[PDB]
């Protein structure tokens, strides 16, 4: 073994996170069903919360793997979807007529988080409003990330075939599709995927890496950046956030919603003292997620980061909506 255990054979990654974004009741969940060939029944508004569907297709030899992220009505309303928007990904912006010109709002939003990630704009519900159009030449020039506009109808199944062909084509052209990994990096990845924990500390991640061939920090830090962008974990490089490596996205959101929908916080005009978090994040019943006291800082600072929270002093924070 010692003689031939220095280098390693490198397979291609071929994975991308696809983020369905846009206003609530626009067509995101419906469009996702059409891409996977699940049809349309009219009752897809009943499906809410974080839904991650794993999809794949074979282009020639290459086995392409896709991770669709679908954000529910609570996610867009409370803006908790911001936690999962990442670079080196692909974005699908779903729009509709009823909300007049909200596209440029979303394009600036995707630009700030997505970076160089390509965007495909879907003009949904043309059966309800045929005349619905956008100034395409203006938008694609101002936002080079836009690769195409598509008038579609998830109800009548119009324009999905054309949209799906462009999606497949642009998915192959993403920058990190050509990038290739060592065998150990895939073993770390697949280990994390099969784990059922809510999160892991940065010590535990380094141990999992040690277990596998990669033991040097430089390589370990490059791997989490990928794993974050691929959607295997949810990780941030801020000093107050970097310890928590979230494996279950619902752990974060349900913790934030408990704070936002706290009846004790409703009174007091939304002033959140950190002594109150014990009662709010306590395990009541029926599979409530466990929130350790050491992760109180994570949740609060995470909410502060994306402007769901504003600091009054060092021990308290404000919720403007409850004021």
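Positions refer to the first chain, counted from 1.
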| item | value |
| --- | --- |
| Of 220 to 228 and 95 to 103, the stretch whose C-alpha atoms average the higher B-factor in the entry | 95 to 103 |
| 254 to 262 set against 280 to 288, stretch whose average Cα temperature factor tops the other in the entry | 280 to 288 |
| Residue selected from 87, 245, 183, 81 by maximal Cα B factor | 183 |
| Modelled-residue ranking by C-alpha temperature factor, third containing residue 27 | lowest |
| Record-listed C-alpha B factor of residue 53: chain third | middle |
| Relative C-alpha B-factor of residue 124, binned into the chain's lowest, middle or highest third | lowest |
| Within-chain third of residue 139 by Cα B-factor, per the entry | middle |
| Record-listed C-alpha B factor of residue 155: chain third | middle |
